[PDB]
Amino acid sequence: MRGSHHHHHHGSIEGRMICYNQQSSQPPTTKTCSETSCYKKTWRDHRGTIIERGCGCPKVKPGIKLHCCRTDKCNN
């Protein structure tokens, strides 16, 4: 229940979708992207357990927990 996002009526120019890229030291931070997906992933590294997201979904190193949705905040 309430799993779907909020969306509204439209009539302005088709500008790029705003993804975001927030990180375990950096605020909820936005940008325009048109990669094949926007994503979420997490692993253990020199800094400890670090938290990651950005635009794009290339192959990763083993033990990283990758997930990647098509547009904007749709991964979150």
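Residues numbered from 1 in each chain as written, not as in the entry; some residues may be left out. Heavy atoms only, no water.

Its PDB header names solution NMR as the technique used to obtain the model.

Within the PDB entry, the label attached to the protein reads Short-chain neurotoxin, and the organism entered is synthetic construct. In the PDB, the title recorded for this entry is "Structural studies about ScnTx neurotoxin using Solution NMR 2D and 3D".

Would you take a moment to explain the pairing of strand β3 (residues 38-45) for this structure?
When a strand is regular, its side chains alternate between the sheet's two faces. Bridge count for β3 against strand β5 (residues 67-69) is 3 bridges, and the pairing is antiparallel. Residue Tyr 39 lies in a different strand from β5, and its bridge partner there is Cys 68. Across 5 bridges, the pairing between β3 and strand β4 (residues 48-52) is antiparallel. By the bridge assignment for β4, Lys 41 is matched with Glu 52. As consecutive antiparallel partners, β3 and β4 are separated by 2 residues. (Pairing = 2+ DSSP bridges. Helix = DSSP H or I, 4+ residues; strand = E, 2+ residues; numbered from the N terminus.)

Just checking my understanding: could you explain the state of the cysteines for this structure?
As enumerated under the stated definition, the model contains 4 disulfides in all. Bridging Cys 57 to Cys 68, the disulfide has an S-S length of 2.0 Å. Where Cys 57 bonds to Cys 68 through sulfur, the torsion about that S-S bond is close to -85 degrees, and the disulfide is left-handed. Placement of the pair is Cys 57 in the loop between β4 and β5 and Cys 68 in strand β5, with a sequence separation of 11 residues. Note on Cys 57: relative accessible area 27%, which makes it partly exposed. (Disulfide = S-S within 2.5 Å. Buried < 20%, exposed > 50% of the residue type's maximum accessible area, 1.4 Å probe, protein only.)

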